[PDB]
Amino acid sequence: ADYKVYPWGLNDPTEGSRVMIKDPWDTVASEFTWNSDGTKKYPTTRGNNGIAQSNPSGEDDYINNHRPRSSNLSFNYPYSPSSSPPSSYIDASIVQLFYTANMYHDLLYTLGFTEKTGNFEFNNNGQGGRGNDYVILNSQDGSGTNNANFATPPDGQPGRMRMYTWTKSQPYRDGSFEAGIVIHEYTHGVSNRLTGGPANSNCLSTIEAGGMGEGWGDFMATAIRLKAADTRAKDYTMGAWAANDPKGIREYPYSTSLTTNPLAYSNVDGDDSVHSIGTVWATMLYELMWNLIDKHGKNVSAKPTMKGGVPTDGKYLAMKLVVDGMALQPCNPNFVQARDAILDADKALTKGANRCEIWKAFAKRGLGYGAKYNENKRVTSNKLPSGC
């Protein structure tokens, strides 16, 4: 199979060019490839991890909606961001959406989000959990604009991603080519499944937990787009291309500068917006990630190197600790509990080798030793525990 796409790690069409990629699946994470479910091989954007199509009506049917058919699985369709209208490149759009979602399935699998932990696949090949729950991936979905969304039922019923067209530019911009938005939405599936176990999908339903829900997706999007030349001085926005706005869609850029991004845990007080709260959480995670990269180095290839189940580089280690924390934290967690789950994930993974790097990141932004959740007036702390 060949996919003509912006490769994994390019956040949007401004960061690079499309190329032909052969057989881009991980054979271990996608043992039937992306284009089979173990029963049928599909000459289109359908297989064990997802089914992608256009959805002009914006309704709920998907099985018979349009998707490009190629009997030799050569998915090479035209696209330029200068093209208009979006319907003219729906085939390229569907293929990009399918590619990004399946690449993310494979990375997440490597990080431990597998059939038995509640992932999204049609045929689980007897590896535990409930199947029949690949992701339904709708491109150019007619139910809205200037956004995207993800619906996560309990394990065994499909996730559903709706990608919209953005109308803040002429020509319109198709959100399926902003990998960061795809990754953000898919991460809602990950966090809702892992939190409180795969049978409970209502475990991020409070305002603070819903806030982390938004932040985890912004974080994973930001981690995936990091480039080899980046240092912690790099700032990253969210959705800047699709929204046609250099500030992106959050209040401040993700930055390790407390001037560029002054957010702290106290900024959650009185905040009624999960996207705002999620900006605080993702900013804390950006801090954590760079502490770990500065300590361990960066891997900016599409697969971590794992020694004894531990990523050797800091970027993948950060992603691993964040995903592990999701499975350890209580249902409807607060930031303190989520922090503690990441610390506990590191205890389990490395015997606490990264304790101080984790505490420093969180303490920098008011979630240090002695911080306490309160619905209305949180207790902040910049303190570190003994030894850090």
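Position 1 is the first residue in the sequence shown; the rest follow in order.
As listed in the deposited structure, the average C-alpha B-factor of 377-385 and of 4-12 is greater for 377-385. Once the C-alpha B-factors are averaged per stretch, 182-190 and 271-279 rank with 271-279 first. Taking the PDB entry at face value, the top CA B factor among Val95, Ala229, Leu292, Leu107 belongs to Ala229. Across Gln127, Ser71, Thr100, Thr117, the entry's maximum B-factor at the CA atom is seen for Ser71. In the PDB entry, a CA B factor belonging to the lowest third of its chain's modelled residues is recorded for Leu321. For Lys22, the recorded CA B-factor ranks within the highest third of the chain. Only modelled residues enter the ranking.
Among the modelled residues of its chain, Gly368 has a C-alpha B-factor that falls in the middle third according to the deposited record. Sort the chain's modelled residues by C-alpha temperature factor and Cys203 lands in the highest third, per the entry. In the PDB entry, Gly215 places in the lowest third of its chain by CA B-factor.
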